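Single-structure report; data block below.
Excluded from the calculations below are hydrogen atoms, water molecules and symmetry mates; all remaining heavy atoms, backbone and side chain alike, are included. Order of the sequence lines sets the chain letters (A, B, ...), proteins ahead of strands, with each chain counted from 1.
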There are 6 protein chains.
Amino acid sequence: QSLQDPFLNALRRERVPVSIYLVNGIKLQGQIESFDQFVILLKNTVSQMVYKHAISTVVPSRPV
Amino acid sequence: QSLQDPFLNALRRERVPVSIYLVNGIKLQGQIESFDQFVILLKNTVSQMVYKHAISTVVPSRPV
Amino acid sequence: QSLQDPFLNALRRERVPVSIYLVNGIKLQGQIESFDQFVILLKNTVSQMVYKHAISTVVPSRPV
Amino acid sequence: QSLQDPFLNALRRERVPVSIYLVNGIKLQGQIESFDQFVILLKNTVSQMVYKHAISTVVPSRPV
Amino acid sequence: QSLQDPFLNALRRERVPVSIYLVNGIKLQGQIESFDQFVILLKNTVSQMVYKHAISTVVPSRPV
Amino acid sequence: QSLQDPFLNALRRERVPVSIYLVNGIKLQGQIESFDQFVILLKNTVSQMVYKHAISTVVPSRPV
RNA sequence: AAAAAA
RNA sequence: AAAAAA
RNA sequence: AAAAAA
């Protein structure tokens with residue numbers, strides 16, 4: 001089992017806007033387009049690839 | 001045996017408010033809803049997913 | 001399936017200029033010549049080898 | 001075999017006060033209460049869980 | 001296969017002066033003397049051991 | 001073959017004073033008493049345990 | 001120990 | 001989101 | 001390349 005995947009899959013399904021905060025404190029904003037074991041694709045004006053190892057937190061702008 | 005799971009599990013069941021300190025010094029506050037091998041679910045205004053690799057310390061508010 | 005390889009591979013073939021952001025905020029600019037499991041080859045004035053573990057994000061200049 | 005465990009077990013056994021310095025330079029102080037493969041429990045006024053991956057050094061306040 | 005090793009082996013063979021930038025932005029300069037799976041030996045006035053996990057980029061002072 | 005063990009082992013036996021630089025720039029000074037897969041034992045006023053994952057470079061004072 | 005420098 | 005504090 | 005911002 002897991003908990004990371006159902007959490008991310010939910011923000012993906014529901015198109016909820018998230019804030020992904022990186023290990024350096026930088027805050028990226030957009031929507032989970034998709035993800036795998038090591039990365040998350042984050043869509044704003046463009047899709048960008050975010051390595052998971054650089055992520056602190058994934059915060060939804062509203063509950064799930 | 002494990003030490004991480006029992007400690008985290010006790011804060012979970014006992015609804016103990018914790019400060020989670022990140023590798024960059026930032027202090028997150030809330031309660032542990034659940035956790036898995038790589039992430040912890042922290043509830044305050046909302047539930048954010050916190051990656052364990054970004055965590056320094058998990059500090060209880062009261063002794064457990 | 002993978003998500004990291006197809007995304008990186010598309011920027012490679014389509015000669016798409018990318019910004020690579022490091023875990024320390026520094027933005028590297030250039031094009032992806034190639035990559036493997038642990039590193040990415042980035043071309044600008046020269047080819048530098050960038051370790052994936054030092055990468056936060058890989059941001060395309062145009063959508064892909 | 002190992003060397004990390006006999007070292008920590010000694011500071012635990014002997015109740016020696018230690019300084020654990022984190023990767024961000026922060027200095028935590030207390031006594032090793034216990035540890036496993038990934039974390040160390042550090043007792044001061046409260047016990048807190050310190051992930052090993054966030055640790056630079058474990059310095060005793062006196063030789064072992 | 002790989003791509004990291006042929007790249008480093010080339011800078012080693014050809015005695016090309018490199019700049020190795022660390023995850024903290026510090027820039028070390030010298031020549032790859034040798035390397036393994038986890039470290040690179042960098043020769044200037046003295047040889048020093050650089051852990052790979054602390055490296056951002058390996059930049060040649062001229063193309064390969 | 002390994003490269004890390006022979007280099008570290010030579011500084012150990014030859015009692016060579018080394019500077020150990022952390023991923024945060026801090027320079028530790030002393031001598032290598034011993035080391036294992038994950039940690040290095042550094043002696044100055046006392047022996048501190050230094051986690052390898054927190055190390056950038058190990059720099060000898062004299063050539064070895 | 002900056003609830004966090006797109 | 002300092003093409004980068006030997 | 002801050003022997004180290006509980």
Side-chain angles (χ1 to χ4, degrees), chain A residues 19-30 42 44-46 48 50 54-57 59, chain B residues 19-30 42 44-46 48 50 54-57 59, chain C residues 19-30 42 44-46 48 50 54-57 59, chain D residues 19-30 42 44-46 48 50 54-59, chain E residues 19-30 42 44-46 48 50 54-59, chain F residues 19-30 42 44-46 48 50 54-57 59:
Chain A
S19 289
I20 292 176
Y21 290 87
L22 306 178
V23 287
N24 49 24
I26 300 311
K27 173 180 67 166
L28 301 185
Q29 257 160 343
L42 173 76
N44 195 310
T45 46
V46 99
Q48 71 179 109
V50 186
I55 300 176
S56 287
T57 60
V59 185
Chain B
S19 298
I20 294 188
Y21 289 89
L22 301 180
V23 286
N24 67 344
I26 290 157
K27 191 212 311 192
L28 298 185
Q29 231 137 354
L42 174 71
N44 216 4
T45 333
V46 72
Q48 65 192 289
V50 176
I55 298 179
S56 286
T57 57
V59 190
Chain C
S19 298
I20 294 188
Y21 289 89
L22 301 180
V23 286
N24 67 344
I26 290 157
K27 191 212 311 192
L28 298 185
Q29 231 137 354
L42 174 71
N44 216 4
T45 333
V46 72
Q48 65 192 289
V50 176
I55 298 179
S56 286
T57 57
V59 190
Chain D
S19 289
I20 292 176
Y21 290 87
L22 306 178
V23 287
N24 49 24
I26 300 311
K27 173 180 67 166
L28 301 185
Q29 257 160 343
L42 173 76
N44 195 310
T45 46
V46 99
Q48 71 179 109
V50 186
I55 300 176
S56 287
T57 60
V58 178
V59 185
Chain E
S19 289
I20 292 176
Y21 290 87
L22 306 178
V23 287
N24 49 24
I26 300 311
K27 173 180 67 166
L28 301 185
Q29 257 160 343
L42 173 76
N44 195 310
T45 46
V46 99
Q48 71 179 109
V50 186
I55 300 176
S56 287
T57 60
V58 178
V59 185
Chain F
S19 298
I20 294 188
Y21 289 89
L22 301 180
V23 286
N24 67 344
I26 290 157
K27 191 212 311 192
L28 298 185
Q29 231 137 354
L42 174 71
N44 216 4
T45 333
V46 72
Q48 65 192 289
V50 176
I55 298 179
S56 286
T57 57
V59 190

Point to revise | Contacts of C:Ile26 that satisfy side chain to side chain contact (heavy atoms under 4.5 Å, CB included) - sequence neighbours left out | key: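 For C:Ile26, the residues satisfying side chain to side chain contact (heavy atoms under 4.5 Å, CB included) (neighbours in sequence not counted) are C:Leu22, C:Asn24, C:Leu28.
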Which whole-number value in Å describes the distance from [X] [atom1] to [N] [atom2]?
X: C:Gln48; N: H:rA3; atom1: CD; atom2: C1'; value: 7 Å
X: D:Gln29; N: I:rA5; atom1: CD; atom2: P; value: 13 Å
X: D:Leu22; N: I:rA4; atom1: CG; atom2: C1'; value: 10 Å
X: A:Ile55; N: G:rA4; atom1: CD1; atom2: P; value: 18 Å
X: F:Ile20; N: I:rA3; atom1: CD1; atom2: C1'; value: 12 Å
X: E:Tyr21; N: H:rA2; atom1: OH; atom2: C1'; value: 13 Å

Practice item. Considering non-hydrogen atoms only, spot the tightest contact between C:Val59 and C:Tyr21 and give its length. Key: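 In terms of heavy atoms, the two residues are closest at CG2-CE1, 3.6 Å.
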Practice item. Might you point out which heavy atoms bring C:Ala54 and E:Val23 nearest each other, and give the distance in Å? Key: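 Smallest heavy-atom distance, with atoms named: CB-CG1, 4.3 Å.
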[X] side chain: which of [options] is closest?
X: F:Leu28; options: G:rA4, H:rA3, I:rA3; answer: I:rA3
X: F:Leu42; options: H:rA4, I:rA3, I:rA5; answer: I:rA3
X: D:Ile26; options: H:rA3, I:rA4, I:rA5; answer: I:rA5

Practice item. Between I:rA5 and G:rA2, how far apart are the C1' atoms? Round to whole Å, please. Key: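 Their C1' atoms lie roughly 11 Å apart.
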Review point. Expressed in whole Å, how much space separates the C1' atoms belonging to I:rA4 and G:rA3?
Key: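 That atom pair is separated by 25 Å.
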**Study point:** 5′-ward residue of the pair D:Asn44/F:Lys27 relative to RNA chain I
**Key:**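 The answer here is F:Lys27.
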Check your understanding: Considering residues at least two apart in sequence or located in another chain, which fulfil the side-chain hydrogen bond (donor to acceptor under 3.5 Å, both in side chains) criterion with C:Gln29?
Key ->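 So C:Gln29 forms no side-chain hydrogen bond (donor to acceptor under 3.5 Å, both in side chains) with any residue.
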**Study point:** hbond_proxy A:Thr57 side chain to G:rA3 base (donor-acceptor, 3.5 Å cutoff)
**Key:**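 By the distance-only test, no, there is no pair.
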